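Shown next as structure tokens: one chain only, the form deposited in one PDB entry.
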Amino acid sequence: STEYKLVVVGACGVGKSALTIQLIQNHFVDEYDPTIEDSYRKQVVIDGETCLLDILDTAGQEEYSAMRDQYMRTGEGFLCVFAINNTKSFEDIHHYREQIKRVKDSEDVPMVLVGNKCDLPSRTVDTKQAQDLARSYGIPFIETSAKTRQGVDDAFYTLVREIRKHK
């Protein structure tokens, strides 16, 4: 099997944990402690290749350290999650990219932009505004819903495919 180290990043309340737990454990979490940052591991088949996914679901506080930089630099690809009904989470996306670029010491880091909670009727972030941002970064954009499982596998699998292209 081939190993991939994926990091789920994004503002509080956007669905980082709900997404991760859906991918790993195939069920939806109505609320999850926002201070709990855990790594998870799962074996899956992606485009015929048996893959070992290590997933870091980031949490806690906005705090920085040499060690946390090492935890994050371990990531090979990053899921950048915002919520479609939370305009601020989308504005924050630039901050997450710049931090990833900083610890990875590269302008070219595998990433996917995720718009979560797409099961909700009230949006404040238009699909198109998110699509343009991703195109300008040169990365995929996937809409997901951790509640309905829609797009969930596609979001993480597309990130694996992006890490593959990085070689």
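Residues that one form lacks are left out of the comparison. A residue's number is simply how far along the shown sequence it sits, counting from 1. Just so we're on the same page, rigid core means the largest C-alpha set that superposes within 1.5 Å between forms.
For the pair 103 to 111 and 53 to 61, the mean Cα B-factor is higher in 103 to 111. The deposited model assigns a higher average Cα B-factor to 89 to 97 than to the other stretch when 74 to 82 and 89 to 97 are compared.
Take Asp47, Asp69, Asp38, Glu31 and read off each C-alpha B-factor from the entry; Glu31 has the highest. Sorting the modelled residues of the chain by their CA temperature factor places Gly15 in the middle third. In the PDB entry, a CA B factor belonging to the middle third of its chain's modelled residues is recorded for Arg164. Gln22: CA B factor lies in the middle third for its chain, per the PDB record.
What comes next is about the form deposited in another entry, which is not displayed.
Rigid core superposed between this form and the one not shown, residues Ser106, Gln70, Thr50, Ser122 considered: the one with a C-alpha shift of 2 Å or more is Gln70. Core-superposed comparison between this form and the one not shown: CA of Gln61 displaced by 2 Å or more. Between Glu62 and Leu120, the C-alpha separation grows by 3 Å or more in the other form, relative to the conformation displayed. Relative to what is shown, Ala66 and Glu98 are farther apart in the other form; their C-alpha atoms differ in spacing by at least 3 Å. 61 to 71 is the sole run of three or more consecutive shared residues whose C-alphas all shift by 2 Å or more between this form and the one not shown after the rigid core is superposed.
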